[PDB]
Every structure is written in C-alpha cells, then in structure tokens.
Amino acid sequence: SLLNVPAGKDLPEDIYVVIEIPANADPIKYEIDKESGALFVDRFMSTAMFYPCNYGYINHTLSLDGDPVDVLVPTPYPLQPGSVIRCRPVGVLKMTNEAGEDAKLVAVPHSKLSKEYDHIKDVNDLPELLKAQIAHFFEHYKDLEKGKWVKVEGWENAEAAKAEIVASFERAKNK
C-alpha cells in the first residue's frame, strides 16, 4: 500500500514524497486517506487556480497541525496521483491558516531521477517567478472558501526545511 512507503532512504536529505495532486491539474483537491490508503476527493476548489507544482506528503511524519508534512515538487512533466517520487528538500514556505502553522516544503527530484534540479541547493536558487507564483497560489486559492483563510509568512532555507522533516519524523514515532 501507499501506507508502507518509507519516509526516505536517508532523512532528511533523501526523502520520498507521495503525490496527491499533479502540477497544472484541474482544481480537485485529493488527499490519501490514512485509513484505506485510497485517493479521496476532499473538495472541488471554487477558484480558477491550478497547483503550480505537484503536491503531496511524506509518509510517517506528523507536522504540528496533526498530519503529514506537505511538499511541493517541481518536475519537467506532471506526475500521477499516488506515485512516489524520490526528492531532496530545498526550502520551506511558512504560513498560518485556521489550524495554525502549516509550512509547505519545496523539494526537487533527486539526482538519480534527473540531473536537471542538481543546481538547486537552497531556496535562493529556485526561480523567483516560481516562488512568487506558489506564494500567490496559497495566498488566494481559498479566497472563496467560507470557513477558511491563509496567511503567508515567507520563505526559509533548506536547513529550516530539513529540521521540520526531522522534527515531524520524530513526533510521528511517539504520538
């Protein structure tokens, strides 16, 4: 099952992200259910907005807000929902919604899948336009969602990204 995917080969620099939502997809937000492992429809987003990158989670991790660390994963072509990609974390985008702190890591395909992301070691190496586009996306994608709201605190580095993976991996191994 998707529930038995390792967190990574070598955490926190060598991790697996379970893809839930492909880059550039229609605006359906899917979630792996932690009970069945199946792909569930969470909602049909009301804005005319698309995820700017592939969107998923690291298995066996528990972020401060009670669920797995979310990850955005840029790729030359959109991935399949339910596929697992080997990645390297490179950066984190801090935000608050109406559940508190909810960081989104950014991680690039690992060098064994591809050499293309090898120049990207830290948050400053991501294209400006891509960072601006991502932030705008999480700023606005819920604008028409009555019970929901989001505030974007800003970008941090790969070491802040890694420390979140370790803290969330440890917290899953007790709680």
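Don't overthink the numbering: it's just position in the shown sequence, from 1.
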{"query": "Stretch exceeding the other in mean C-alpha B-factor - 48-56, 109-117", "finding": "109-117"}
{"query": "Mean C-alpha B-factor comparison - 68-76 and 91-99, higher one", "finding": "91-99"}
{"query": "Residue with maximal Cα B-factor (values as given in the PDB entry) among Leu39, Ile28, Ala132, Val150", "finding": "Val150"}
{"query": "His136 - which third its CA temperature factor falls in, relative to the rest of the chain", "finding": "lowest"}
{"query": "Third of the chain's Cα B-factor distribution that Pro12 belongs to, per the entry", "finding": "middle"}
